[PDB]
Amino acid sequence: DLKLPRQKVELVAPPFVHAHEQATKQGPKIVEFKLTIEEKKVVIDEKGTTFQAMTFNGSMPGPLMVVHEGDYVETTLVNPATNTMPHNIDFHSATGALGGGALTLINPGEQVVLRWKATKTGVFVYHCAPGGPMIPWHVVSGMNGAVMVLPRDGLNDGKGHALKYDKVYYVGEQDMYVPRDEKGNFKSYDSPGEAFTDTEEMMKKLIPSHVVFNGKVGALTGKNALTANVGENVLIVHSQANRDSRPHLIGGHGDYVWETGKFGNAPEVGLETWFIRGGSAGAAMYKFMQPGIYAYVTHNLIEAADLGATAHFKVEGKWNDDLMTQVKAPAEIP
């Protein structure tokens, strides 16, 4: 029925985001994406703890999909025979059939093609949701990502002005539940199925062992720190499919923040810390003013420093002594 132009997107791994337009002169298109599910054992911390992950496209989070209002998003979801479990996909951006979940349940060896019309603007979670107790399990095993639906005129501040970002990053936060043995060491398992009983028991107690960005402690640091230059406006999309978070850029602010993540609402301005409700994505933009290292955290600092939820930015440019200066370096008290 649907006679619109087709455009393929090459997805890229988080925290990066596939190339896209903000404001566009294009009309509605059918935008084609492929997600291939991968179950895999991964390392989640610097001590070598392992984890039975379940992923879209091999990453935690799944990649960010970007379209415009009124596009049709046509996803080929692939569950190779090398996986063990059925899977599906639920888009919080979509209308009907449990977000798509009721139309996309696929066994290992199968694929399905779902299309949904992008009638709601904002950033939104997508996640697997097979049914029943498998829903939380697949999500907290890593099977969640996000999609961004931009207005065709790009972003605005609510107050008629365009808000154009120079770059965008996607920070997906994952609560993980790794059981411990009697000795107190984290357990390792041979399969997701073997991990399930212990993992569910822990899940129901509601306290994660790890809270990470991009799948692992320290993922968005060192070589893989986020970057910017003084003067650049950076959009940071943050999602959490199961559990609340409170993002904060240490040494910066949220200049324009959509904490509930939906562009039909004006952004709030000048925030210190914002709030991502579990089951949602939000977004914050900041124009960097100072060079140096920043930490981007959830501001439960226990989670940030001790459970894994810290990213860095390394920012280039000239220090601004008007905004901040060390008037007197550390010295002995007179």
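In case it trips you up, residue 1 is the first one in the sequence shown, and so on.
Notebook entry, point to check: As stated in the PDB record, which stretch has the larger average Cα B-factor, 48-56 or 274-282?
Noted result: Looking at the record's C-alpha B-factors, the answer is 48-56.
Next item on the list: Determine, for stretches 146-154 and 174-182, which one has the higher mean CA B-factor as deposited.
Entry: Looking at the recorded C-alpha B-factors, 174-182 comes out higher on average.
Notebook entry, point to check: What's the residue among 27, 308, 62, 267 with the greatest CA temperature factor in the PDB record?
Noted result: In this record, 27 carries the highest C-alpha B-factor of the candidates.
Next item on the list: Going by the CA temperature factor in the entry, name the top one among 259, 200, 244, 255.
Entry: Answer, based on the entry's C-alpha B-factors: 200.
Next item on the list: Name the third of the chain's ranked CA B-factors that contains residue 116, choosing lowest, middle or highest.
Entry: Middle third of the chain for residue 116's C-alpha B-factor.
Check: Taking the C-alpha B-factors as the PDB entry records them, is residue 219 in the lowest, middle or highest third of its chain?
Finding: Its C-alpha B-factor, which the entry lists for residue 219, ranks in the middle third among residues of this chain.
Next item on the list: Going by the recorded CA B-factors, say which third of the chain residue 192 sits in, lowest, middle or highest.
Entry: Its C-alpha B-factor, which the entry lists for residue 192, ranks in the highest third among residues of this chain.
Next item on the list: Looking at the entry's B-factor column for C-alpha atoms only, identify whether residue 205 ranks in the lowest, middle or highest third of its chain.
Entry: For residue 205, whose C-alpha B-factor we compare with every modelled residue in the chain, the answer is the middle third.
Next item on the list: Would you please rank residue 165 by its C-alpha temperature factor against the other modelled residues of its chain and give the third it falls in: lowest, middle or highest?
Entry: Middle third - that is where residue 165 ends up once the chain's C-alpha B-factors are sorted.
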